[PDB]
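S.K.: One structure, pasted below without further comment.
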Amino acid sequence: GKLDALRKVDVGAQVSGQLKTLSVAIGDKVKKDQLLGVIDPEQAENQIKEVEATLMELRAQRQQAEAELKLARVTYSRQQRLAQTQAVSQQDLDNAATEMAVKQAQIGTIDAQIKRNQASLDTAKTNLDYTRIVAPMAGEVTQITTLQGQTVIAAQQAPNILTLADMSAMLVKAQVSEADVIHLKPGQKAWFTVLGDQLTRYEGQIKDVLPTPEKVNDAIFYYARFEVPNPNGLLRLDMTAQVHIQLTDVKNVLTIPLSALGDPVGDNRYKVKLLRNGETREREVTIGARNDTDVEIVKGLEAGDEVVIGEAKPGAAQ
Amino acid sequence: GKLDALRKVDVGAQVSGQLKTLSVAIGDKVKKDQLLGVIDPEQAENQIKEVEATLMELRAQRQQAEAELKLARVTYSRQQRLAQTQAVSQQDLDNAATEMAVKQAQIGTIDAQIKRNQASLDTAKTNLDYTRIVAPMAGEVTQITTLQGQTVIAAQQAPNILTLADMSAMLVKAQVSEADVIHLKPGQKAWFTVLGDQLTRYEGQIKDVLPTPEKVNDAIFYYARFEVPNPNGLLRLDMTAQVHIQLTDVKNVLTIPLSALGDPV
């Protein structure tokens, strides 16, 4: 069994630029959305000042139309007030009511520009946020691939500045062989131990099985995972771990000691037993399940029959 | 015999951006067009608001020409109503009717702009849909190459976010040797069994033979496929499977065991 963190992340950054600083050394805890490294932000500040200058430009250009609208409006009312006395035709009234509509449209046409550029301002600011890396999730820093002061560019692979892992629950990769994967029903109880502490058993429920195998040349293997609690700060990553995965909990069922059983043919299993008569007799027994010390016998021998652990002899009374 | 899913599809994304979330867990079932991961969509929303602001701009600029068209039209009819009594020659009638054609063309010239920009709006929105990955087909999530929170860039090769596979039925890769490939007529009946269950026969029709061989150093090998049903969720991917393909059964005829044969010449 291989060992790893419950969750792990390879943090990166979208933008190119020199890495001016990296505030955190490895081994320090970091809370979510904490500041990390800081890529150079001079350029983004430049486009921001540029866009703000554009908004100022429209801020004045609107101020022009604001005055022309006053001119057209006062001209219109000043025409109508004389126009109740039938001023210089309805012609000029149509020359006044329409121009005011034009100046009215102009200010809105400018407001749309202020709208699109303020909308662009978010596009300007959003690039600036990319320069300042923040942690997606809590967990002490593991490894720093990108050392401080290195130039970096991101037009291809996402750069690997650093990595993170949540060391509070150590998932295990128990690579059970393909020969036994057919069993291994979920929720079966299992335990494991590490080579370095010899005898300090850990245990828990099996969680699930990974659909995708990865071979080591010969023999396919399939993983399985637990969820062991990790206090004390022990259990380093990728530590070797011997794993005992509960195969089954059969009960109220007999098992035959290995020393006594006979195995005719290659499937048959003679087993001499003492009888109530006191005369021993063998019985063929069906056994598939087996342990290091015993073979499980669900069927083949009546309970309480004595069995000849040594020098077994069919038809031979003790 | 190697074993694999009836269909398997890797999934990518067309756009760069931090992966804010990946709601699916591995082994979960997913129906077609279900939402999966979500790359950050702030940018696409920005271009969307920008384009909508442009449509607002033309929305007013058209309103201007709408007024000028009223002016030119009222001026024209008010010229013609006098013109039945011979107003100021046909000269001003030509100075009026032509202007109305201009104001007429102007609004259409603007409507074409509203058309091209509404057409551009689909170009804006379509990028936003790329940010939200959806599953091409039903299946369970076999693997997640890309863990949550990783930065990803699609300026080059399509990233492998997560693979999918359909396990409703299992296909087998039965690699028959090149020496025997000349036989093996399609539809010949065959069966197989896994090493891990010892004795539990599966069986079915052979489907076909793959045209393109792949080799393991020495000796070429050609594949063949079945289509075994998969009840109860058994048979993990890439499980080893011993495979018996059927040659002919001529009968009513003796066959000598090879153990004691004598073969002079």
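Labeling convention for the structure tokens: chains A, B, ... as they appear, residues from 1 per chain, ligands from 1 in order of appearance.
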Which neighbours of residue B:4 fall inside 6 Å, counting only C-alpha atoms, when residues of the same chain fewer than 2 positions from it are skipped, and could you give them as a list in words?

M.R.: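 These residues fall inside the cut-off: residues 171, 237 and 238 of chain B.
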
S.K.: Which neighbours of residue B:144 fall inside 8 Å, counting only C-alpha atoms, when residues of the same chain fewer than 3 positions from it are skipped, and could you give them as a PyMOL selection string?

M.R.: chain B and resi 26+141+147+161-163

S.K.: So that I can see what lies close to residue A:224, please list as number ranges by chain the residues with an atom at most 10 Å from it, counting only C-alpha atoms and leaving out residues fewer than 2 positions away in the same chain.

M.R.: A: 1, 171-176, 181, 184, 186, 206-211, 222, 226, 245

S.K.: Taking only C-alpha atoms into account, find every residue of chain A that has an atom no more than 7 Å from chain B, and write it out as JSON, numbers by chain.

M.R.: {"A": [9, 10, 11, 12, 13, 14, 94, 98, 101, 102, 105, 108, 109, 112, 115, 116, 119, 120, 123, 136, 155, 156, 157, 158, 178, 179, 180, 182, 211, 212]}

S.K.: Could the residues in this selection be written to a file with N, CA, C and O atoms, as a CSV table (one decimal), in the first residue's frame?

M.R.:
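Written output follows (selection.csv):
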```csv
chain,number,residue,atom,x,y,z
A,9,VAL,N,-3.1,19.7,-4.9
A,9,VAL,CA,-3.2,20.7,-5.9
A,9,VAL,C,-1.9,21.2,-6.4
A,9,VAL,O,-1.0,21.5,-5.7
A,10,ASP,N,-1.8,21.3,-7.8
A,10,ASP,CA,-0.6,22.0,-8.4
A,10,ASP,C,-1.0,23.4,-8.8
A,10,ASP,O,-1.4,23.6,-10.0
A,11,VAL,N,-0.8,24.3,-7.9
A,11,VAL,CA,-1.1,25.7,-8.2
A,11,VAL,C,-0.3,26.3,-9.3
A,11,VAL,O,0.9,26.1,-9.4
A,12,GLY,N,-0.9,27.2,-10.2
A,12,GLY,CA,-0.2,27.8,-11.2
A,12,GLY,C,-0.6,29.3,-11.4
A,12,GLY,O,-1.4,29.8,-10.6
A,13,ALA,N,-0.1,29.9,-12.5
A,13,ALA,CA,-0.5,31.3,-12.8
A,13,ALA,C,-0.7,31.5,-14.3
A,13,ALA,O,0.1,31.1,-15.1
A,14,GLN,N,-1.8,32.2,-14.7
A,14,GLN,CA,-2.1,32.4,-16.1
A,14,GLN,C,-1.1,33.3,-16.8
A,14,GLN,O,-0.9,33.2,-18.0
A,94,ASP,N,-40.5,72.2,-36.3
A,94,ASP,CA,-40.0,70.9,-36.7
A,94,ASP,C,-38.5,71.0,-36.9
A,94,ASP,O,-37.8,69.9,-36.9
A,98,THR,N,-36.8,68.4,-33.5
A,98,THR,CA,-36.0,67.3,-34.0
A,98,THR,C,-34.5,67.4,-33.6
A,98,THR,O,-33.9,66.4,-33.3
A,101,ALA,N,-34.0,66.2,-30.3
A,101,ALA,CA,-34.0,64.7,-30.2
A,101,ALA,C,-32.7,64.2,-30.6
A,101,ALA,O,-32.3,63.2,-30.1
A,102,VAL,N,-32.0,64.9,-31.5
A,102,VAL,CA,-30.6,64.5,-31.9
A,102,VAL,C,-29.6,64.7,-30.8
A,102,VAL,O,-28.8,63.8,-30.5
A,105,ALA,N,-30.2,62.0,-28.4
A,105,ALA,CA,-29.6,60.7,-28.8
A,105,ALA,C,-28.1,60.7,-28.6
A,105,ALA,O,-27.5,59.7,-28.3
A,108,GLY,N,-26.9,59.8,-25.1
A,108,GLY,CA,-27.1,58.3,-24.8
A,108,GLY,C,-26.0,57.5,-25.6
A,108,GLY,O,-25.5,56.5,-25.1
A,109,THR,N,-25.7,58.0,-26.8
A,109,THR,CA,-24.7,57.4,-27.6
A,109,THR,C,-23.3,57.5,-26.9
A,109,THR,O,-22.5,56.6,-27.1
A,112,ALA,N,-23.4,55.0,-23.8
A,112,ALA,CA,-23.1,53.7,-24.2
A,112,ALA,C,-21.6,53.4,-24.2
A,112,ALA,O,-21.1,52.3,-23.9
A,115,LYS,N,-20.3,53.1,-20.9
A,115,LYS,CA,-20.7,51.8,-20.4
A,115,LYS,C,-19.8,50.7,-20.9
A,115,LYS,O,-19.4,49.8,-20.1
A,116,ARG,N,-19.5,50.7,-22.2
A,116,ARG,CA,-18.6,49.7,-22.7
A,116,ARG,C,-17.2,49.8,-22.2
A,116,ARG,O,-16.5,48.8,-22.0
A,119,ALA,N,-17.2,48.6,-18.6
A,119,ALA,CA,-17.2,47.2,-18.8
A,119,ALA,C,-15.8,46.6,-19.1
A,119,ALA,O,-15.5,45.5,-18.7
A,120,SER,N,-15.1,47.4,-19.9
A,120,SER,CA,-13.7,47.0,-20.2
A,120,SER,C,-12.8,47.2,-19.0
A,120,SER,O,-11.7,46.5,-19.0
A,123,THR,N,-12.2,44.1,-17.3
A,123,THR,CA,-11.3,43.3,-18.1
A,123,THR,C,-9.9,43.7,-17.8
A,123,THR,O,-8.9,42.9,-17.9
A,136,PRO,N,-6.0,28.0,-3.5
A,136,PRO,CA,-7.4,27.5,-3.7
A,136,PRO,C,-7.9,26.8,-2.5
A,136,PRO,O,-9.1,26.9,-2.3
A,155,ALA,N,2.3,30.7,-22.1
A,155,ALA,CA,1.6,30.6,-23.4
A,155,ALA,C,1.4,29.2,-23.8
A,155,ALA,O,1.0,28.9,-25.0
A,156,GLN,N,1.7,28.2,-22.9
A,156,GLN,CA,1.7,26.8,-23.2
A,156,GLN,C,1.2,26.0,-22.0
A,156,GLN,O,0.0,26.1,-21.7
A,157,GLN,N,2.1,25.3,-21.3
A,157,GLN,CA,1.7,24.6,-20.1
A,157,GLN,C,1.5,25.6,-19.0
A,157,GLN,O,2.2,26.6,-19.0
A,158,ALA,N,0.6,25.3,-18.1
A,158,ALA,CA,0.5,26.2,-16.9
A,158,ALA,C,1.7,25.9,-16.0
A,158,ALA,O,2.0,24.8,-15.7
A,178,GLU,N,-5.3,-8.4,-9.3
A,178,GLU,CA,-6.5,-8.5,-10.1
A,178,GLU,C,-7.2,-9.9,-9.9
A,178,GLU,O,-8.4,-10.1,-10.2
A,179,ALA,N,-6.5,-10.8,-9.4
A,179,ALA,CA,-7.0,-12.2,-9.1
A,179,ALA,C,-8.1,-12.1,-8.0
A,179,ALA,O,-9.0,-13.0,-8.0
A,180,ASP,N,-8.0,-11.2,-7.2
A,180,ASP,CA,-9.0,-11.1,-6.0
A,180,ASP,C,-9.9,-9.9,-6.1
A,180,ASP,O,-10.7,-9.7,-5.2
A,182,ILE,N,-12.4,-9.4,-7.8
A,182,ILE,CA,-13.8,-9.8,-8.0
A,182,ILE,C,-14.6,-9.8,-6.7
A,182,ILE,O,-15.8,-9.5,-6.7
A,211,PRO,N,-11.7,2.4,-10.7
A,211,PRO,CA,-12.0,1.8,-12.0
A,211,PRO,C,-10.8,1.6,-12.9
A,211,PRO,O,-10.7,0.6,-13.7
A,212,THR,N,-9.8,2.5,-12.9
A,212,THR,CA,-8.7,2.4,-13.8
A,212,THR,C,-7.4,1.9,-13.2
A,212,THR,O,-6.8,2.5,-12.3
```

S.K.: Could you give me the residues within stretch 41-139 of chain B that DSSP places in helix (DSSP H, G or I), as an MDAnalysis selection string?

M.R.: chainID B and resid 42:83 91:131

S.K.: Residues of stretch 106-303 of chain A classed as strand (DSSP E or B) by DSSP on the backbone are to be reported as an MDAnalysis selection string.

M.R.: chainID A and resid 132:134 141 162:165 169:173 176:177 190:194 202:204 208:209 216 218 221:222 224:225 228:229 241:245 255:257 270:273 281:284 286 290 294:296 299

S.K.: What lies within 10 Å of residue A:302 using only C-alpha atoms, ignoring chain neighbours under 4 positions off, as JSON, numbers by chain?

M.R.: {"A": [254, 273, 283, 306]}

S.K.: If you keep N, CA and C atoms, can you produce a file of those selected residues as a PDB file, in the first residue's frame?

M.R.:
```
ATOM      1  N   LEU A 254     -17.152 -24.507  10.222  1.00  0.00           N
ATOM      2  CA  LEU A 254     -15.950 -25.243  10.575  1.00  0.00           C
ATOM      3  C   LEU A 254     -14.783 -24.945   9.636  1.00  0.00           C
ATOM      4  N   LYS A 273     -11.478 -38.922  10.108  1.00  0.00           N
ATOM      5  CA  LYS A 273     -12.007 -38.390  11.358  1.00  0.00           C
ATOM      6  C   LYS A 273     -12.293 -39.538  12.307  1.00  0.00           C
ATOM      7  N   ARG A 283     -13.624 -38.564   5.032  1.00  0.00           N
ATOM      8  CA  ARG A 283     -14.676 -38.030   4.177  1.00  0.00           C
ATOM      9  C   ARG A 283     -14.107 -37.019   3.201  1.00  0.00           C
ATOM     10  N   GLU A 306     -14.282 -35.788  15.881  1.00  0.00           N
ATOM     11  CA  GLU A 306     -12.859 -35.614  16.134  1.00  0.00           C
ATOM     12  C   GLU A 306     -12.072 -35.919  14.874  1.00  0.00           C
TER      13      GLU A 306
END
```

S.K.: Report, in Å to a single decimal, how far apart atom CA of residue B:73 and atom CA of residue A:82 are.

M.R.: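 Calculated distance between atom CA of residue A:82 and atom CA of residue B:73 is 24.9 Å.
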
S.K.: With only C-alpha atoms as the atoms that count, which of A:143, A:16, A:91, A:127 lies nearest to residue A:45?

M.R.: A:127

S.K.: Provide the atom CA of residue B:79 to atom CA of residue B:106 distance in Å, to one decimal place.

M.R.: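 Between atom CA of residue B:79 and atom CA of residue B:106 the gap is 21.7 Å.
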
S.K.: Mind checking which residues fall within 10 Å of residue A:262, counting only C-alpha atoms, ignoring those fewer than 4 positions away in the same chain, and posting them as a count of residues only?

M.R.: 11

S.K.: Write out as a ChimeraX atom specification which residues come within 6 Å of stretch 90-101 of chain B when counting only C-alpha atoms, dropping same-chain ones fewer than 2 positions away.

M.R.: /B:72,76,103-104

S.K.: If I take atom CA of residue A:59 and atom CA of residue A:110, how far is one from the other in Å, to one decimal?

M.R.: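 Atom CA of residue A:59 sits 9.1 Å away from atom CA of residue A:110.
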
S.K.: Looking at B:188, B:126, B:131, B:29, which one is nearest to residue B:249, with distances taken over only C-alpha atoms?

M.R.: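 Among the listed residues, B:188 lies closest to residue B:249.
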
S.K.: Between A:122, A:92, A:294, A:33, which residue has the minimum interatomic distance to residue A:48, considering only C-alpha atoms?

M.R.: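 The closest residue to residue A:48 is A:122.
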
S.K.: Which residue is closest to residue A:73? Choose from A:61, A:90, A:286, A:95 and count only C-alpha atoms.

M.R.: A:95

S.K.: Identify which of the residues A:298, A:239, A:72, A:23 lies closest to residue A:104, counting only C-alpha atoms when measuring atom-to-atom distances.

M.R.: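 Checking each of A:298, A:239, A:72, A:23 against residue A:104, counting only C-alpha atoms, the winner is A:72.
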